[PDB]
Structure formats: C-alpha cells, structure tokens
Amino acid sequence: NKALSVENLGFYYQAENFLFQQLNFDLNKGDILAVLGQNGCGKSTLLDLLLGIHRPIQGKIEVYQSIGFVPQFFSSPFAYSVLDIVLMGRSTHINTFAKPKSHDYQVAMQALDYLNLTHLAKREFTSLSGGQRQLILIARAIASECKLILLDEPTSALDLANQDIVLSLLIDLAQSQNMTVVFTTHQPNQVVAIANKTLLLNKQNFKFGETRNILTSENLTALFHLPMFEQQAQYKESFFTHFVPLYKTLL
C-alpha cells in the first residue's frame, strides 16, 4: 500500500533562486528512494516540505505512515549521552508534562540493540566517531517507531567502512522491518546499491522512476555537467554496475 504521495508539487529554493514545478511521485511500503543531487540543489527544501515545516507554492503532499527524520549532524554544547539522544525519539510517546517510563527506556534500548550499539548507551555522544554518531541518530528515529524514515545525507561524511554499514542497515530496515526509506546523496553507486526508486534534482528540473530507468549515462551526464558512464564489472563471479565520472585529466 501507499507510504507517501507527492502531487503537482511546486516550491521555491531561495539559495539558488529557482522554482521547481509539477513534481510528482509516490512511494509504497518497503521502497527505498534516493534523492540524487549536488550540494544545495533543493534537497533541504524537499525534506522540509515532506515534514511539513511549511506549505509549498503548488501541489499536495500526503504521508500515510508515521514519519521519522535523521539529520546529518546533531550539535549541542551539552554533554548528552547516547541514551539521552535516542530517548528523545520517544517524544511522541510521552505527554508534555510527563516523564519517560520504563517502556520508553525499553524501546530505546532495543533500538540500540538492533544496531548492536548497546555498549554505547552511557557514552558521551560527542566522544563517538562520525559513523557511530550517525547510527545513533538513526536509532533515535527508530525508537520513535516511525515507518517512513527520511535521512539527510546519511553517508556523505562517513569513512567508507561506515558508509557500508549504513547502506546495509537501510536495506535491512526496508526489507526486514517493512519501513520506507528516503535518503539524499550525491553518489550514484550508492543509489544503484540500495535504492529501487530515485529522484534526480537538476536546476529546477528533475526525473523520478525506477532506478535502472533513471540512473543512465545520459541522465547522469546531464545532471553532473561532466561525462558520466555506466560500467559493468565482476568481482569473484559477482556481477555489478557502477558509474564513473570522466575527468578531463584522466584522458
């Protein structure tokens, strides 16, 4: 069944002063949508709209599942602990003037357990690595018990090994826990790796559809204003495709 629907959406992005028009796309439960674009392309506004911080110029957005969000970073001058951060995800399960209950601590703990980070509960959030921090932020969204999880540049600042852990995690959330995933990225190889659906954002223009239909040399070359070509490969009998940017200096 449907998870999210975006119809005739139109919105302005101040930064680059460009107006997006008639944006359409829908997502079902279990889908993994990659929003592929480069630095300040409107991903920020797009996510804002999906979370409804503000209304769009035209169109409608309908979300059918409880929504969770994961920012790229969490900055605070206060020495909050891992548990403190994750527990905040219980926000909607605690009344305004109430305190979290043992159940709330239970869910947060199982969220950490699910990611095998139980041994981090008491640690000071800022003492963790970038990868552990990002994972802890996914845990707080998980503890909220959302079904539709939106992630802003989840892999961009992590080392390769951690980006790998994150990609595997997102696939597991969609395939095993029947969650719907939406993440922003500028890396096409990560898109073909885990996203069955992709949205390309290029100067007021865009393209949405099945990943294999959208991730093509022609579409990527137009998006990156640099020739990009799909390449086949085989590693120990395992076939796979990836995309390579053609820097003038490679020639």
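Numbers follow the displayed sequence, beginning with 1.
Annotation for 228 to 236 versus 19 to 27: the higher mean temperature factor (C-alpha) is found in 19 to 27.
In this crystal structure, the stretch out of 138 to 146 and 95 to 103 whose C-alpha atoms carry the higher mean B factor is 95 to 103. Within the selection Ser217, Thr198, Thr45, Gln190, the deposited Cα B-factor values reach their highest point at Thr45. Residues shown: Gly209, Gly59, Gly37, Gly68. Highest C-alpha temperature factor in the entry: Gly59. Ranked against the other modelled residues of its chain, the C-alpha B-factor of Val244 as given in the entry falls in the lowest third. Among the modelled residues of its chain, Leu167 has a C-alpha B-factor that falls in the lowest third according to the deposited record.
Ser127: CA B factor lies in the middle third for its chain, per the PDB record. Sorting the modelled residues of the chain by their CA temperature factor places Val181 in the lowest third. Among the modelled residues of its chain, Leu160 has a C-alpha B-factor that falls in the lowest third, as given in the PDB entry.
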